[PDB]
C-alpha cells in the first residue's frame, strides 16, 4: 500500500470508495462543491492499483468563545475499504494530514465522527453536544413572560441573500459557528427542493434577525423536522417558535439544537420540549496548544490565576489566565494539571466541565481549588452550538 | 366543600382517593411509614361527606450548595377526586399548606410533579434534572485514564447499617440530598424482596465509599435497572461501574442519574452512555427569599457584586454576594433583576443557568454583565442530584 | 374458456394479467429478456375475449449431483385472473405444458412457488432450501483455523466478463446450478444501478475464484443484503466473508444461502450467524423417472443394492444402484418402495432424507435397511444450493 | 482467590451467586433436586471470604448413535461474580473439573451454553441443533399419505408412571437422550401447575407410544407452546400432531424440536411449519478420544477404511471403521486428519457434516475421498435430538 496525494486520475477511485462508505454520497456531482474547499495538498489516498483509503481536510473558519474566528482544518471524506481493515491505514492517513495541517499553521482541526470510539486516540475530543427536542405542539402554550404574542412563510430559493446575511451574523456571534461559502448555500437550497421518492419541499420562517428551515417528515406526516434555526436575538428565537407551534396540522416539531436551548422555558409546561436524542457533534483536535489557548476568550468573573498544564505528548506550558485572556508559554516546572490532547479539545468550546472530566480521571490535578478555577475560566458566556455537519 | 385538617376518621376516605389517584398506592399499609414524617397540622382534606381532595407536607432535610441542610416541607399525597376538577380545590389546598409551612418557619418547600404544567403557577420551579443513561455494556471498555482495573455482591437486607452510613455521607455532601429516616429504609429493603407477578430480587454492589442497588427488568431479562447508586468518591463511582459492566448476562444497564454523571468519560466510546430520557426531578418553592438566599453558599470565583432582586409578589431585596456568602435585605430601590418565584426555585440548586432563563424572558435584567455574574454565583461546585421521589 | 398457444396479439393481455398477478412485473420491457428463453409452443393462454390464464416454460440447464447438466423446463409466468378462480384453469394449463414438455424430451421441470400448498398435487416436490443467515458483524471474529487473515471492491458493470466466468464455473460444479444466458446478465446488471425511490447501488467484492453482490437495505441503513455470493473455492468463500465482515458502517449482513453454508464455522461464535428465515427454493417435477434416476450420480460409499420403486401413477422400475451409477428399467415385480412423484423430486438433489419422508409416510418401505441405503445413495457430496428465482 | 471443593457453609454463597447469575434460579429449594445428581467432589468454588466463582458436574447418562449409553459429566451451575471478570476464574474451574472428570473415568462431558463464544476454547463443540417450528394451525391440513385420520387429553400429575415409561423408551432409542431421574420428574410436574403471575397450567396429550406437554403462552393467548413431545413411533408423532392441530382456539403451535422433525411433510403445505429460531443445543467435550470413538456405532453403508486422526493437544490415533464399529489405537504415523477437540464433539452425534467443518478449515485433510468417508461414517441413522436443558 502507498500513501500519496491523489492525482486527477485517483478521483474516480475515491468517488467509488465514497459511494460504498457513506450513505450520503450519491456520485461525483456530490463532491464538486465540497472539493472547492480542499486546498492543494489537502488530500491523501492509499493505493494497492485502486484506492483502498482516503482522507482530506477543508479550509474552514470556526468561531470560539470571545467571538474569535480560527482557521480550522475540517477533516472529511475519511474511508478505509472494507477489504483493508486492521492495517493501520486510518492511523497513517491521520498522521500525514496532521503533519501537513500543523506545518500549514492551522491552530485546530475538527470533524464529525461516524462512531464515538475512533478519534479519541488521534487527539480529537467531542466539543459540542447535539440535543434533539421533540415538542408535542398540541399542548404547547407560551408562558406569560415569553416575548411576542414579524415572521413570514417564504420559499428558501427566493430569499438566499437574507438567509446568507442572518447566518453570517449568527456564525460570527456563536461558539461552534462555521463560515458557509457560496457553494454550500448552492447545495443547501438544492436539498430544499422536493425529491421524487425522497424528502418533501422545505419551507422557511423568516424574521429580520432569524430563520428556520423545516420540512414535513417523508413517512410521518404529523412530524415537522426543523433542519436549521439561526436566531441572532432572543426575540427572533421566540417569534420563530411561535410560528413553528402554529403548524396546526402537525402533532410534533423536532429540532437538533444545543443543551441550553431556551425553548423549554418559553412554555407553561417545560416537560413538553422532550429530549429524544443526545450525541457528540463537532470534535476538536488542538494542533498548537499555545496558539489555541491564547486565541480564545475566558470568563471575566474568575480572578487571575497561574498554573502549569501538561498535555500528554503535546508539551508543558505556564498558563496564566486573567481579564478573560490567556498567556501560554513553554516551561519545565512541575505540572499541576495533566490531560491527554482530546480532553483539551472537549474543554475548549465550554461543552464539558473540567470537574466532570476530573471525576473520571481524564483531567488530573491535586488542587480542587485549581479545578474550580479551570471550570469557571473555560466556561463560555454564549452557549456552544453546532453549525453544520461535514 | 370544606377544607379542614383530616380527623382519624377522614383517613380511610384519603386512602381511597389515594388508591384511585396514584398507581404506587396499594392500601393503608402503603401510608404507615410516610405518615410518621407528617407533623400535627401537616395535612388538609376537602370534604363534600366523603374526601374529594387532600394534600400534606412531610418534615424533610434538603442539602443545598455549600453542604447546608435546610428544614424542607415536602408536599406529597396531593389529589383531587375525578368528580371535583376545575373547582380550585388544588389552589385552595396549596394556599392553606403554604400558609402553615411559612408560619412554621420552613425556608423552602419541595415536590415531585406528576405533570410539568401544574406547579409553576404555585411558585414551584423545576430544580433538578433526571437524566437516564442506557449503556450497551457489550461494547463498554474503560479508558486507560479510568480509575481501578473493592466491590462485593451482597444481599441488601444483610448490610442495612453500611447502606445507611454511605447514604448519610452522600446526602450531606451533595445538593439535592435528603435525610432518609429509619422507616424509609424499612420500605426500601421491603421492595428489594422479589414480588410474585412483580419486580425481581434486588442485589447490591457494596464498596466502602459507595453502593449500587440494581434489579433485572421484570419483562426485558437483558436489561439491569440501577434503582440507586450513591458514591461518596470518584474511585467508588468507577469501581461500582466496572462491577455493573461486569454483569455479562446483560446487554444494557440503565440508571436515572444527573446530567454531569462522569460515566460517559470512563469509556473509550462516550457515545455508549446514551441519554434515553430527561425530565424535571425535584421542584422547589422558596417560602422565604432572604432566609433561602442567605442559607446557601455561592461561587468563590465570582467577585463581590451588589444588585436589587424583585420576586413578582414576593418582595424586593438588596442582594450582596461575595466570599461565597449572600446578604439579602429589604429595599425599595429600583429593581435591576425581576423574576417570578418559580424561576428563583429553578436557579437555587444550580440546575438552570440565569442566562438561559433570561433568553426566554423568565428572568429580566438590562445589564448583560449582571446576568453573567448571576450565572457564575448560583452555579454549584458539586453537581446537583436527585435523592428519592416522594 | 379456451386453452391455446398465445398469438402476438395475446401478449398485451398476458402483460396485463402479469402486472396484476406479480409485484415484480412492471410492464412489457420486464418480459423482453425472459421471453428469449421461451421456445416456440412454450406458452399457453386461457381466453374468455381477454386473457384469464397463462403459463409457459423456459429452456434451462440445471446441474444435478455428479456435475450432470439436464435440459430443464422452467415453469414461469403462471397466473389465473382473480375473476376465474376454482375453475380448474391451473390444472388444465399445467396438464397441457407437462404434455408438451414430456413430448419435447425434457427429463425434469422446475419452478419457484409463490405458495407451498399448490404444486405438490401436480407432482412438484420442494428440492432446495433457502436459509437466511443474519450476522451481527459487530461481534464477528474469525476462528484461528479460518483460511486467510485477494478481494477487490468493484462496480459490477465494469467486470461483467469476470462475473460471467466465475458464475459459469460455479453453476457447472454445484447441484441447483442454472446456466445464466447473456440477457439475464443484462437484467442483473441493470438492477445493480440505484433506483429513484427504490433499491440503492449494488457493489461487488471480486476474488479470482468468487464474487459477492451486495446492497445497503433501502430503509435499514445498518443492514447490507448480499443478493448473490458465488464461491468456487473454500478460500474464495472465506476471503469474501472477511471482506463483508469488514463493512464496518453496517450492524448486520444478511444472505439467502443453503443449510450447509460453512460461514457459522468460520467464527469463534457460531451462534452469530443466526437463521432468520427458511423456505423451499427450487421445486422439481421428474418428467421421466428412468431418464432422471439414470442421469444423476449417487454416493460411492453405499454398496451395490437392488430394489423395485413404484411412483404412484408414474410407473414401476427395477432400480439397481452401485459405483455411484443407477440402472432403472421397467418391471411388474412387487414394489419394495412406493411414493408420489413429488416425493421423488424432493429426494432428487439430496435436500430431503428418505428416512424423514418415510417417518411422515410420504415414502413407504417395509425394509428399514433399504431406507438407510436410499438415504445414503441419494445424498449429494456437494451441498445443493439455489441459483436464481424464475 | 482460592479454588476448592465447596463446604456445606459455602452453599449459601453459591445460592446467592446463582440467584444473581441465572434468571431461572429462584432460591435454595431450586437446587435441592439437581444437587442429588452432584457426586462427592463434583463441585468447585473460588473464594475471595465470599464465593466469587463456582462450577460443578452432574452424573448423567447420554445416548449416542447405535443406542449406546455413556456415563456423562453434565457441567452446570457455572458462574463468575460480576466483580471478578477477566481473572481466568472460568479457565481455572473448567481445568480442575476436567481433571476430576477424566480421572473419574467419564468418556465425555456435556453442557448447555448461555453464549456461543465461551466453551469452544475449553474443547466443547455444539453437538445438537434446537429448531423452533411455528405452525399457523388455521391452514394446516394433513397430507393424504399422513398416518391416522388413540390420544387422550390428561392432567400430567395423574399419569406420571406412563410419562416416565414413554420417556425411558424414547431416551434409550434416540441420540441426545438423557436418563431423567425421579427428582427431575418431581420438578417437571411441579412446573406443570399454573403459577400466580406466571406460566399457565400445562396439559398433556397421551398416546400409548408418545406424549406432548403443552401450555398456552402467558401473554399471547392464541399461541400454544409444546414444552416436550416424546414419540417412540411415527404413528405416535402423527397422532400427537393431529391432536395439537385440533387446538382450535389457537392460531399458532410452537415447539423446539430438531432439524429432521418430519412434521412439515405431514402437511399439504410444508411451508406452514415455519422455522422461527435455530441455536446450538447440547455441547460435547470428548474427555477420552479412544473410549468415545470406540463406544459409538457408525454407518454400516460405508465400507471399511483406515486413517490417522490427530486431535490438537489430545493425541494421535490409528482409526479403523468397518461393520459400524471403530477401533481407535495409539500411533505416531503421519496424521491424515487434524482437528481441535471441539470439532470432534460437534461431529460425534452426527449433527455437523465433516465436509462442512472442512470447508471452514476446522477439519483438515488432503484426501477429499477420506472426507466423504468421514461424513458417511459419523452420520446417525436416528436423527439427533435434545433431551432437556441443564
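In order, the residues displayed for chain B correspond to 3-50, 56-156, 162-402 in Swiss-Prot numbering, which applies throughout.
Cβ coordinates come from backbone N, Cα and C, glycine included.
Here is what Swiss-Prot says about this protein:
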type: ACT_SITE; residues: B:126; note: active site, proton donor
type: ACT_SITE; residues: B:402; note: active site, proton acceptor
type: BINDING; residues: B:85, B:86, B:87, B:93, B:94, B:95, B:96, B:97, B:98, B:121, B:122; note: acetyl-CoA binding site
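Features per Swiss-Prot, on structure.
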residue: B:85; record: acetyl-CoA binding site; DSSP (3 states): strand
residue: B:94; record: acetyl-CoA binding site; DSSP (3 states): coil
residue: B:122; record: acetyl-CoA binding site; DSSP (3 states): coil
residue: B:402; record: active site, proton acceptor; DSSP (3 states): coil
Could you measure between residue B:98 (acetyl-CoA binding site) and the residue listed as 'active site, proton donor' for me? Cα positions, answer in whole angstrom.
-> 10
Out of B:94, B:98, which of the binding-site residues has the smallest number of neighbouring Cβ atoms within 10 Å?
-> B:98
Write out which of the listed recorded positions, namely B:85, B:87, B:94, B:98, B:122, B:126, lie with a C-beta under 8 A from a C-beta of chain A, sequence order kept, or 'none'.
-> B:122
Given the active-site residues B:126, B:402, and counting only Cβ atoms in the protein chains shown, which has the most within 10 Å of its Cβ?
-> B:126
Long-range Cβ environment of residue B:85 (acetyl-CoA binding site), under 8 Å and at least 6 residues apart = B:61, B:62, B:97, B:100, B:118
Within 10 Å of the Cβ of residue B:87 (acetyl-CoA binding site), how many other Cβ atoms are there?
-> 20
By a simple count, how many Cβ atoms lie within 10 Å of the Cβ of residue B:96 (acetyl-CoA binding site), its own Cβ left out?
-> 20
Surrounding CB atoms that lie within 10 Å of the CB of residue B:122 (acetyl-CoA binding site), all protein chains | 9
Determine, to the nearest whole angstrom, how far the Cα atom of residue B:122 (acetyl-CoA binding site) is from the Cα atom of the residue listed as 'active site, proton acceptor'.
-> 14
Measure from the CA atom of residue B:96 (acetyl-CoA binding site) to the CA atom of the residue listed as 'active site, proton donor' and give the result in Å, rounded to a whole number.
-> 14
Which value in Å gives the longest Cα to Cα span across the acetyl-CoA site residues B:85, B:86, B:87, B:93, B:94, B:95, B:96, B:97, B:98, B:121, B:122 as recorded?
-> 19
